[PDB]
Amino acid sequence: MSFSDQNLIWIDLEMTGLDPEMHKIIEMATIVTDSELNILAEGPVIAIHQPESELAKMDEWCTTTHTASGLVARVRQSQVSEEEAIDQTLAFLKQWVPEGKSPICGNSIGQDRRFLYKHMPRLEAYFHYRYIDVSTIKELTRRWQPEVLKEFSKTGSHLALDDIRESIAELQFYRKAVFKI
């Protein structure tokens, strides 16, 4: 429909911890925007099943965060593996953005990309090698004019779709607040 090699793929993952070699992906969500950050379509929001032995690696932060959000219950009830989650997400993305064109977009998105390289390389390969990291702009704004940052706030629920929507909203805020293009 609005298929374009200028469209942006936004992605957020939730994990059982910070180490891709030890931990697992338990949620993924994607959004496609056009190049002007208008949201065109939201992709599959997938709680990925993991056995208790993997959930049992979670520290207190992860356990309390992902239990209180309802994600742990959704993970336990899920019948979707990483491979099926890749299949669903690729089938969505192919309708909106060509392979290899969009940088990976999000907040500190290098961390998600590490988990994609390790656990979902077929999905990682769909992105261009570059990164659109909204937190790059956050950090530059904090140093150049930190008063700007008091004008925007995040809920930070660690529900993957809500958090990637907040990533887009943050960049929209920066477009008006710190950019002149």
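Numbering starts at 1 and follows the sequence shown.
Exercise for the section: Output the stretch having the higher mean C-alpha B factor in the entry; the candidates are 119-127 and 143-151. Expected result: The recorded data point to 143-151.
Exercise for the section: Pick between 107-115 and 92-100: the one whose mean CA B-factor in the entry is higher. Expected result: Higher mean C-alpha B-factor: 92-100.
Practice task
Consider only the C-alpha atoms of the modelled residues in this chain, order them by B-factor as the entry records it, and name the third containing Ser157: lowest, middle or highest.
Solution key: Highest third.
Problem - Third of chain Cα B-factors occupied by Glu36 - result: Highest third, going by the recorded CA B-factors of the chain.
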